[PDB]
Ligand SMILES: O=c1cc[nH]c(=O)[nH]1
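The chain below stands alone and is given as structure tokens, in the form deposited without uracil.
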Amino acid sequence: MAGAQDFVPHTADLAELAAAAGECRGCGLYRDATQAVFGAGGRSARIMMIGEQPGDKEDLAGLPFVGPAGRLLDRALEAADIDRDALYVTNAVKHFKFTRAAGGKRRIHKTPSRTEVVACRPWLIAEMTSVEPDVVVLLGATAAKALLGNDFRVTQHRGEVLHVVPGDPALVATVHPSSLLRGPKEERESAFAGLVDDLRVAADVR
């Protein structure tokens, strides 16, 4: 009776789950978005990564992490010696929440409410049950709070392996790559290195 739960089929098959998510009305976000954007990757993945939501580019590509933030993430993964093809990558909410500004060049993402996060969480549970990751990288506040609690602060736990969640994977909470796109150069460079560090922490979990 709550959120997305009745839309989630009784299967662990990612293709079947993704097709079912296309029909989800578990919160209001499906109305204005173009389509649901499920995770991408396969069930043998050892590392799962979770962002906030599909953004402007993802909403139309049908795939996660395809815009500028995704390209920065690619650069960090490559520096961390992680093959993106070996990951399962998804988002805490699966429809893009947005507005437009006059004269703008893109649709501007808006923050999912905690209510929407909890509504969509049945999909995330299904993904985690399906993939059985050894480690989950939580990219940004929304994703980190989705698994670690609404009071959790990413900024206060950088580099730490956390454990609370299906399968009891290790959890590593880090900054979202979109936050690394802008700011003064030295700050962006230090922040990029810290993202690489946290990805390496995740990859070194045994």
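Quick note: we count residues from 1 along the sequence shown, nothing fancier.
If you look for the form deposited with uracil bound, you will not find it shown, but the lines that follow are about it.
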Taking uracil as it sits in the deposited bound form, is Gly41 near enough to touch it, meaning that at least one heavy atom pair lies within 4.5 angstroms? no
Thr174 within 4.5 Å of uracil in the deposited bound form, heavy atoms: no
Answer yes if any heavy atom of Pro64 is within 4.5 Å of a heavy atom of uracil in the deposited bound form; otherwise answer no. yes
Within 90-107, the residues that have a heavy atom no more than 4.5 Å from uracil in the deposited bound form: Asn91
